[PDB]
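Structural overview
Spelled out from the first residue to the last, the chains are:
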Amino acid sequence: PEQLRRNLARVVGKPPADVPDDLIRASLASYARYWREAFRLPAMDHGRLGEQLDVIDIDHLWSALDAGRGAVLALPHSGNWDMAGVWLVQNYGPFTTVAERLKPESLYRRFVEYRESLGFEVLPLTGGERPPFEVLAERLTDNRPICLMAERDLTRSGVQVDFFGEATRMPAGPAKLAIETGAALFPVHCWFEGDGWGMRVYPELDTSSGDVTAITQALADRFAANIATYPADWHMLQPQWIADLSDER
């Protein structure tokens, strides 16, 4: 919860102690809401959710699937993204994504089971039959959408970028897959709109440069703009910015 305060401190541009108490309370309540919904989500009426929830500017994705290009949906850890996946399963169908292999293994199996119970194909970042990036590229060349949580990747293979004025690292997956397959790279945002769920697809990024850093940086700029719009719904309690970290890669 302390690191959450330090991150909203970066999001709003104030020292940690000056972050509004109402924002901290709303962020903790939203994070709790995410877990409260993740508990009961496999048991809810997914047909109802798919029929009653809407996605702003969803047609960008449709048009990219009408063009046969595929689509990479990159969104930050905001709102409830498992509900957005449920929505996509009901209004389009199963899509493929990757999940970090957590420890213990029983826990990773639990998360795989959980997301599979929503209708997703989950590819193991390690220990799978094939390299995940190449299965994703195959999904993209078949004109199908993949969804990647693309605002945090603090490993040696992360793309260093500016994020609210400070240095972070974000995954390279979306840009490498949009380049290699020509798929439209759409920034996506989910948030909590009252007792409902708000979701939005934004215009696809310009991949003309072929520069993975420039593309991931424009993706970061869009994520930061959306988080700044819905600051209470971005439940990033892990260290996000480099300075709150120690040691090398």
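Residues numbered from 1 in each chain as written, not as in the entry; some residues may be left out. Heavy atoms only, no water. Residues with missing side-chain atoms left out of burial classes, pairs and counts.

Structure determination for this PDB entry is given in the record as X-ray crystallography, at a resolution of 3.6700 Å.

Per the PDB entry, the protein goes by the name Phosphatidylinositol mannoside acyltransferase and belongs to Mycolicibacterium smegmatis. Per the header of the deposited record, the title is "Crystal structure of unliganded PatA, a membrane associated acyltransferase from Mycobacterium smegmatis". As stated in UniProt under Function, the record for the protein gives "Catalyzes the transfer of a palmitoyl moiety from palmitoyl-CoA to the 6-position of the mannose ring linked to the 2-position of myo-inositol in phosphatidyl-myo-inositol monomannoside (PIM1) or dimannoside (PIM2)." Of the comments in the UniProt record for the protein, the one headed Pathway reads "Phospholipid metabolism; phosphatidylinositol metabolism." (UniProt positions renumbered as here; feature names shortened; annotations may be inferred.)

Right, let's get into the overall build of the protein. What the protein contains, in helices and strands, is nine helices and eight strands. Taking 2.2 N^0.38 as the reference for a compact globule, 249 residues should give roughly 18 Å; the C-alpha atoms of the protein span a radius of gyration of 17 Å, in line with that estimate. Projected onto its principal axes, the C-alpha coordinates of the protein cover approximately 50 × 40 × 40 Å. A fraction of 74% describes how many contacts in the protein between residues 6 or more apart in sequence connect residues 24 or more apart. (Helix = DSSP H or I, 4+ residues; strand = E, 2+ residues; numbered from the N terminus. Rg over C-alpha atoms; globule rule 2.2 N^0.38 Å. Contact = heavy atoms within 4.5 Å.)

To continue, consider the UniProt feature "binding site: hexadecanoyl-CoA" in the protein. As annotated in UniProt, the feature "binding site: hexadecanoyl-CoA" corresponds to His77, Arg115, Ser157 and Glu180 in the numbering used here. What stands out for the annotated residues spanning 104 residues is how far apart their C-alpha atoms range, the widest pair being 26.9 Å apart. Along the chain, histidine 77 falls in the loop between β1 (71-75) and α5 (81-91). Setting aside residues up to four positions removed in sequence, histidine 77 forms contacts with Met149, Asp233, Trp234 and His235. Considering the arrangement of structural elements, one finds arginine 115 in helix α6 (residues 105-116). Those residues in contact with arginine 115, other than ones at most four positions away along the chain, are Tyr34, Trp81, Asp82, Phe120 and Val122.

A word on the packing of aromatic side chains. Between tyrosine 34 and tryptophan 35 the ring centres are 5.0 Å apart and the planes differ by 75°, which places this aromatic pair in the edge-to-face class. A network of ring pairs unites the aromatic residues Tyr31, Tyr34, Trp35 and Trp81 as a single cluster. The ring of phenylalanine 192 is capped by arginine 33, whose NZ or CZ atom sits 4.2 Å from the centre of that ring. (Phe/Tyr/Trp six-rings, centres within 6.5 Å; stacked < 30°, edge-to-face > 60°. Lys NZ or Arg CZ within 6 Å of the ring centre and 35° of its normal.)

Following the UniProt record, one finds the feature "active site" at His77 and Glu151. For the annotated residues, spread through 75 residues, the largest C-alpha to C-alpha distance comes to 7.2 Å, consistent with a single compact locus. Relative to the helices and strands, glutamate 151 is located in the loop between β4 (145-149) and β5 (159-163).

Glancing now at the packing of helix α8 (residues 173-181) against helix α9 (residues 212-229). At their nearest, the axes of α8 and α9 sit 9 Å apart, and the two run at 120° to each other. Judged on the interaxial angle alone, α9 and α8 are oblique. Handedness of the crossing formed by α8 with α9: right-handed. Along the contact surface, α8 presents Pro174, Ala175 and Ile179, while α9 presents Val212, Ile215, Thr216 and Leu219. Of the residues that constitute the contact of α8 with α9, the class distribution is six nonpolar, one polar and no charged. (Axes fitted to C-alpha atoms, helices over the stretch in contact; angles between N-to-C directions. Parallel < 35°, antiparallel > 145°, perpendicular 65-115°, else oblique. Left-handed = near helix turned anticlockwise from the far one by under 90°. Nonpolar A, V, L, I, M, F, W, Y, C, P; charged D, E, K, R; others polar.)

For the rest of this paragraph, the subject is the pattern of salt bridges. The partner of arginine 10 in a salt bridge is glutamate 166, and the shortest N-O contact between them spans 3.4 Å. Of this pair, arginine 10 sits in helix α1 (residues 2-12) while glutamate 166 sits in strand β6 (residues 166-170), placing them 156 residues apart in sequence. (Salt bridge = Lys/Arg side-chain N within 4 Å of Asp/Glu carboxyl O.)

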